[PDB]
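See below for run_8.txt, which holds compact mmCIF, C-alpha atoms (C1' of nucleotides).
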```
# COMPACT_ATOMS: atom_id res chain seq x y z
CA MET A 1271 93.79 71.48 60.31
CA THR A 1272 94.61 69.29 63.30
CA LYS A 1273 90.93 68.79 64.16
CA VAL A 1274 90.71 66.26 61.31
CA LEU A 1275 93.57 64.20 62.77
CA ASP A 1276 91.71 62.96 65.87
CA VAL A 1277 88.58 62.09 63.86
CA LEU A 1278 90.82 60.22 61.41
CA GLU A 1279 92.36 58.34 64.35
CA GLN A 1280 88.90 57.39 65.61
CA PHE A 1281 88.10 56.17 62.08
CA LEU A 1282 91.30 54.19 61.46
CA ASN A 1283 90.78 52.85 64.99
CA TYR A 1284 87.20 51.93 64.10
CA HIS A 1285 88.32 49.93 61.04
CA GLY A 1286 91.31 48.52 62.94
CA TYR A 1287 94.41 49.34 60.91
CA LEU A 1288 97.97 50.00 62.08
CA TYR A 1289 98.83 53.69 61.88
CA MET A 1290 101.19 56.31 63.29
CA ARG A 1291 100.51 60.04 63.53
CA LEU A 1292 103.11 62.79 63.08
CA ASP A 1293 102.08 66.40 63.69
CA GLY A 1294 102.92 69.48 65.74
CA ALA A 1295 101.66 67.83 68.95
CA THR A 1296 104.41 65.18 69.06
CA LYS A 1297 107.95 65.40 70.44
CA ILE A 1298 111.33 65.31 68.72
CA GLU A 1299 112.28 61.90 70.13
CA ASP A 1300 109.12 60.15 68.89
CA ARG A 1301 109.53 61.66 65.41
CA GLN A 1302 112.60 59.93 63.95
CA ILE A 1303 111.56 56.66 65.60
CA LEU A 1304 108.09 56.80 64.05
CA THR A 1305 109.88 57.56 60.77
CA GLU A 1306 112.37 54.67 60.73
CA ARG A 1307 109.59 52.41 62.00
CA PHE A 1308 107.55 53.19 58.89
CA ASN A 1309 110.48 53.09 56.44
CA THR A 1310 111.56 49.63 57.58
CA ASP A 1311 109.33 46.73 56.56
CA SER A 1312 106.40 46.52 58.98
CA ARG A 1313 102.64 45.99 59.15
CA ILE A 1314 101.73 49.70 59.21
CA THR A 1315 99.50 50.43 56.21
CA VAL A 1316 98.75 54.13 56.75
CA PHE A 1317 100.95 56.92 58.15
CA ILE A 1318 99.20 60.15 59.13
CA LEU A 1319 101.02 63.48 58.79
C1' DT B 1 55.94 99.18 196.97
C1' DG B 2 55.01 98.29 191.65
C1' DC B 3 52.55 100.72 187.99
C1' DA B 4 50.19 103.48 184.41
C1' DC B 5 49.64 108.45 182.80
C1' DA B 6 49.87 113.40 181.56
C1' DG B 7 52.88 116.40 179.79
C1' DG B 8 57.59 118.22 178.48
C1' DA B 9 62.02 117.50 175.59
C1' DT B 10 63.78 116.42 171.77
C1' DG B 11 63.43 114.57 165.67
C1' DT B 12 61.70 114.33 161.35
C1' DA B 13 59.67 114.03 157.31
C1' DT B 14 56.66 117.73 155.40
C1' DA B 15 55.54 122.07 153.13
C1' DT B 16 56.99 126.87 151.96
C1' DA B 17 59.92 130.86 150.48
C1' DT B 18 64.45 131.36 148.19
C1' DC B 19 68.89 131.03 145.12
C1' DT B 20 71.42 129.68 139.95
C1' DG B 21 70.89 128.49 135.12
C1' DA B 22 69.14 128.23 131.10
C1' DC B 23 65.49 129.14 127.67
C1' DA B 24 62.90 132.96 125.46
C1' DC B 25 62.16 137.69 123.39
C1' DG B 26 63.42 142.73 121.75
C1' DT B 27 67.32 145.47 119.32
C1' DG B 28 70.63 148.04 115.37
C1' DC B 29 75.72 148.18 112.42
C1' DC B 30 78.35 145.24 109.90
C1' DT B 31 76.91 141.80 107.10
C1' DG B 32 73.98 140.20 102.81
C1' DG B 33 70.74 141.27 98.33
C1' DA B 34 70.49 143.24 94.41
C1' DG B 35 71.30 146.49 89.94
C1' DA B 36 74.47 147.76 85.97
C1' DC B 37 79.31 147.48 82.92
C1' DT B 38 82.94 145.07 81.27
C1' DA B 39 85.35 140.63 78.75
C1' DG B 40 87.91 137.02 78.82
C1' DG B 41 87.09 132.37 79.98
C1' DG B 42 83.96 128.65 78.79
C1' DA B 43 80.89 126.01 75.30
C1' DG B 44 81.09 124.38 70.39
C1' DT B 45 83.05 122.87 65.98
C1' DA B 46 86.65 121.31 61.87
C1' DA B 47 90.05 118.35 60.55
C1' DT B 48 93.52 114.95 62.23
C1' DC B 49 96.49 111.19 62.97
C1' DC B 50 97.77 107.92 65.39
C1' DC B 51 98.35 104.10 67.90
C1' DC B 52 95.05 100.64 68.63
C1' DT B 53 92.32 96.59 66.92
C1' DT B 54 89.59 92.21 63.99
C1' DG B 55 89.41 86.71 63.59
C1' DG B 56 91.60 82.40 63.55
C1' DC B 57 94.19 78.61 61.91
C1' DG B 58 99.18 75.82 62.76
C1' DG B 59 104.03 74.94 65.69
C1' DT B 60 106.66 75.32 69.62
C1' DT B 61 108.21 76.67 74.00
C1' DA B 62 108.12 78.10 79.01
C1' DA B 63 105.14 78.40 82.45
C1' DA B 64 101.24 76.54 84.88
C1' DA B 65 99.09 72.21 86.96
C1' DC B 66 98.98 67.60 89.35
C1' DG B 67 100.90 63.71 92.25
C1' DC B 68 103.24 61.30 95.88
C1' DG B 69 106.96 60.76 100.32
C1' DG B 70 107.61 62.07 104.74
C1' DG B 71 109.99 65.19 107.82
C1' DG B 72 109.70 68.23 110.65
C1' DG B 73 106.96 71.53 112.75
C1' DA B 74 102.17 72.82 114.33
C1' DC B 75 99.60 71.32 118.03
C1' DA B 76 97.02 68.85 122.02
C1' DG B 77 97.96 67.30 127.21
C1' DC B 78 99.77 68.21 131.53
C1' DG B 79 102.49 69.63 135.78
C1' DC B 80 104.87 73.66 138.15
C1' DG B 81 105.46 78.23 140.89
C1' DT B 82 105.84 82.66 141.14
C1' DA B 83 103.42 86.79 139.59
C1' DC B 84 100.02 89.36 139.71
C1' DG B 85 94.56 89.39 141.67
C1' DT B 86 92.27 90.45 145.86
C1' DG B 87 91.72 92.40 150.40
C1' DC B 88 93.02 95.42 154.54
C1' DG B 89 95.17 100.03 157.07
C1' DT B 90 97.98 103.98 156.64
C1' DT B 91 99.62 108.76 154.04
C1' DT B 92 100.40 112.78 150.60
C1' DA B 93 98.44 115.41 148.10
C1' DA B 94 94.87 116.97 144.64
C1' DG B 95 89.93 119.64 144.75
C1' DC B 96 88.24 123.24 145.92
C1' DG B 97 86.87 127.92 148.40
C1' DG B 98 88.95 132.14 148.30
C1' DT B 99 92.91 136.37 147.02
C1' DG B 100 96.25 139.92 145.27
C1' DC B 101 98.62 140.98 140.96
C1' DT B 102 100.16 141.69 136.28
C1' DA B 103 102.07 141.05 131.91
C1' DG B 104 100.81 139.48 128.09
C1' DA B 105 96.48 139.01 125.02
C1' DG B 106 93.60 141.92 122.13
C1' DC B 107 91.25 145.95 119.16
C1' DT B 108 92.81 150.42 116.55
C1' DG B 109 95.40 154.92 113.73
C1' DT B 110 100.15 155.79 110.05
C1' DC B 111 102.69 155.39 106.36
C1' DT B 112 105.70 153.27 103.92
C1' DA B 113 108.11 149.85 102.02
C1' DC B 114 106.66 147.27 98.77
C1' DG B 115 104.50 143.99 96.20
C1' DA B 116 100.23 143.89 92.64
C1' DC B 117 99.57 145.22 87.46
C1' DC B 118 101.53 146.18 82.72
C1' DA B 119 105.03 147.12 77.90
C1' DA B 120 109.95 145.35 75.72
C1' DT B 121 113.90 142.04 75.11
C1' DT B 122 115.83 137.60 74.89
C1' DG B 123 118.29 133.63 76.25
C1' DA B 124 117.95 129.87 78.73
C1' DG B 125 115.11 126.22 78.33
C1' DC B 126 112.31 122.90 75.38
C1' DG B 127 111.28 119.86 70.76
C1' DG B 128 114.47 117.04 67.40
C1' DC B 129 118.38 114.14 66.36
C1' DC B 130 122.04 110.73 66.15
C1' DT B 131 125.54 108.73 67.70
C1' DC B 132 129.04 105.11 71.06
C1' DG B 133 130.48 103.68 75.67
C1' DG B 134 128.33 101.88 79.31
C1' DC B 135 125.22 98.02 79.84
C1' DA B 136 122.94 92.96 79.16
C1' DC B 137 123.91 88.21 79.27
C1' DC B 138 126.72 84.34 79.60
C1' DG B 139 131.17 81.18 79.47
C1' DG B 140 135.57 79.75 82.52
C1' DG B 141 137.08 78.77 86.54
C1' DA B 142 137.87 79.02 91.42
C1' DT B 143 135.45 78.95 95.74
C1' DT B 144 132.34 77.89 99.13
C1' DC B 145 128.50 75.37 100.83
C1' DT B 146 125.46 72.06 102.11
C1' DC B 147 124.10 66.50 102.08
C1' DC B 148 125.02 61.97 103.19
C1' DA B 149 127.79 57.75 105.03
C1' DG B 150 130.68 55.58 108.54
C1' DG B 151 132.93 54.83 113.28
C1' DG B 152 134.77 55.98 116.90
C1' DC B 153 132.40 56.78 120.18
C1' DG B 154 129.01 56.70 123.67
```

I'd like the structure from this file rewritten - as structure tokens, please.
Amino acid sequence: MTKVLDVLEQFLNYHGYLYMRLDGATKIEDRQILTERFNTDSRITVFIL
DNA sequence: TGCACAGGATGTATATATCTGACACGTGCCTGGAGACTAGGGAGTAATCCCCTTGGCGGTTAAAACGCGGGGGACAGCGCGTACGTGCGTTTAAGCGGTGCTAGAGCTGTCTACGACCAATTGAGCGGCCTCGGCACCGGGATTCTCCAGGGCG
């Protein structure tokens, strides 16, 4: 359920990590970019889907 | 001579007998009130089936919702003048009293077409079905149609 996603964002934001969320509420243009951004070497530890 | 008075000669509200109009009461013939027989139309039930819901997750889209620029159109202010508002005298014609009529309005027998009421047939009209040619939606392309920037012109 999507109601866990916002709570998980408030948690990951509480502990201060670098994350990116991908779900049905995003657009098509921000999808592939958030993908390649995670695949390439970066500081993002967790990727929410 | 100038003056007050006693009585007639006219008004005038005042009180009395008199003329319509409308409320009030006493009838009798077309109405209602009521009694009995028929019966089909209304109250009641047994499936039924059939479309209409129950509850809520997500993903995504098209429609709803908000936000700012400003352009033009609503809108306040104000002067003008002629178009009705207001006030006179002069006229044509309706109101109304009264009249001689009639021709059409209005209540009543005859019968006779002629439509109300009831069996027998059916065929034209209604439930069921399954197709295809007209219809729905959109590309291609030409056509028009409005928006904006000089500039030749004030």

Box for stretch 1288-1306 of chain A: with edges along x, y and z, all listed atoms inside and 5 Å added on each side, what are the centre and edge lengths in Å to one decimal, as lines of an AutoDock Vina configuration file?
```
center_x = 105.3
center_y = 59.7
center_z = 65.6
size_x = 24.6
size_y = 29.5
size_z = 19.7
```

- Message: Residues of chain A within 10 Å of chain B, counting all atoms listed in the file - could you list those as a PyMOL selection string?
- Response: chain A and resi 1271-1272+1293-1295

- Message: So the first atom is atom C1' of residue B:95 and the second is atom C1' of residue B:18; what is the distance between them in Å, to one decimal place?
- Response: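 Value for the atom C1' of residue B:95-atom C1' of residue B:18 distance: 28.3 Å.
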
- Query: Neighbours of stretch 1282-1289 of chain A within 6 Å (all atoms listed in the file; same-chain residues fewer than 2 positions away dropped), as a ChimeraX atom specification?
  - Reply: /A:1279-1280,1314,1316-1317

- Message: I'd like the contact shell of residue A:1303 - 12 Å cut-off, only C-alpha atoms (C1' of nucleotides), skipping same-chain residues fewer than 6 positions apart - returned as an MDAnalysis selection string.
- Response: chainID A and resid 1290:1292 1296:1297 1309:1310

Restore N, CA, C and O atoms in stretch 1284-1306 of chain A and list the result as a short mmCIF file (atom, residue, chain, number, x, y, z; two decimals), in the coordinates of the input.
```cif
data_model
loop_
_atom_site.label_atom_id
_atom_site.label_comp_id
_atom_site.auth_asym_id
_atom_site.auth_seq_id
_atom_site.Cartn_x
_atom_site.Cartn_y
_atom_site.Cartn_z
N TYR A 1284 88.45 52.66 64.28
CA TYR A 1284 87.20 51.93 64.10
C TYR A 1284 87.37 50.76 63.13
O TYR A 1284 86.87 49.66 63.38
N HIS A 1285 88.08 50.98 62.02
CA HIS A 1285 88.32 49.93 61.04
C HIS A 1285 89.53 49.06 61.38
O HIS A 1285 89.78 48.08 60.67
N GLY A 1286 90.26 49.39 62.44
CA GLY A 1286 91.31 48.52 62.94
C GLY A 1286 92.51 48.32 62.04
O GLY A 1286 92.85 47.18 61.70
N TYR A 1287 93.14 49.41 61.62
CA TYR A 1287 94.41 49.34 60.91
C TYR A 1287 95.55 49.65 61.87
O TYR A 1287 95.35 49.90 63.06
N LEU A 1288 96.77 49.63 61.34
CA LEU A 1288 97.97 50.00 62.08
C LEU A 1288 98.49 51.31 61.51
O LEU A 1288 98.89 51.37 60.34
N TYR A 1289 98.50 52.35 62.34
CA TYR A 1289 98.83 53.69 61.88
C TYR A 1289 99.73 54.38 62.90
O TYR A 1289 99.84 53.96 64.05
N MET A 1290 100.39 55.44 62.44
CA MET A 1290 101.19 56.31 63.29
C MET A 1290 100.99 57.75 62.85
O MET A 1290 101.01 58.04 61.65
N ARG A 1291 100.79 58.64 63.81
CA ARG A 1291 100.51 60.04 63.53
C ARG A 1291 101.75 60.89 63.81
O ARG A 1291 102.43 60.69 64.82
N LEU A 1292 102.02 61.83 62.92
CA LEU A 1292 103.11 62.79 63.08
C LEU A 1292 102.58 64.18 62.80
O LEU A 1292 102.14 64.47 61.68
N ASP A 1293 102.61 65.04 63.81
CA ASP A 1293 102.08 66.40 63.69
C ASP A 1293 102.80 67.29 64.69
O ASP A 1293 103.78 66.88 65.32
N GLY A 1294 102.31 68.52 64.84
CA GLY A 1294 102.92 69.48 65.74
C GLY A 1294 102.74 69.18 67.22
O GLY A 1294 103.36 69.85 68.05
N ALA A 1295 101.92 68.19 67.56
CA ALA A 1295 101.66 67.83 68.95
C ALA A 1295 102.59 66.75 69.47
O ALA A 1295 102.49 66.39 70.65
N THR A 1296 103.49 66.22 68.64
CA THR A 1296 104.41 65.18 69.06
C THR A 1296 105.72 65.81 69.54
O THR A 1296 105.90 67.03 69.52
N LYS A 1297 106.65 64.96 69.97
CA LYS A 1297 107.95 65.40 70.44
C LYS A 1297 109.00 65.12 69.37
O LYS A 1297 108.72 64.56 68.31
N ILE A 1298 110.24 65.52 69.66
CA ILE A 1298 111.33 65.31 68.72
C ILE A 1298 111.86 63.89 68.80
O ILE A 1298 112.36 63.35 67.81
N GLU A 1299 111.76 63.25 69.97
CA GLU A 1299 112.28 61.90 70.13
C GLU A 1299 111.38 60.86 69.48
O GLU A 1299 111.87 59.86 68.94
N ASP A 1300 110.06 61.08 69.50
CA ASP A 1300 109.12 60.15 68.89
C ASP A 1300 108.96 60.37 67.39
O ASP A 1300 108.19 59.65 66.75
N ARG A 1301 109.67 61.35 66.83
CA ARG A 1301 109.53 61.66 65.41
C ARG A 1301 110.38 60.73 64.55
O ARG A 1301 109.86 59.98 63.72
N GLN A 1302 111.70 60.77 64.74
CA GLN A 1302 112.60 59.93 63.95
C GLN A 1302 112.30 58.45 64.14
O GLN A 1302 112.46 57.65 63.21
N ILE A 1303 111.87 58.07 65.34
CA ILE A 1303 111.56 56.66 65.60
C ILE A 1303 110.32 56.24 64.83
O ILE A 1303 110.28 55.17 64.21
N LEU A 1304 109.27 57.08 64.85
CA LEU A 1304 108.09 56.80 64.05
C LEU A 1304 108.38 56.87 62.56
O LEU A 1304 107.61 56.32 61.76
N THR A 1305 109.47 57.54 62.17
CA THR A 1305 109.88 57.56 60.77
C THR A 1305 110.55 56.24 60.37
O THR A 1305 110.07 55.54 59.47
N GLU A 1306 111.66 55.91 61.03
CA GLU A 1306 112.37 54.67 60.73
C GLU A 1306 111.47 53.45 60.89
O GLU A 1306 111.63 52.46 60.18
#
```
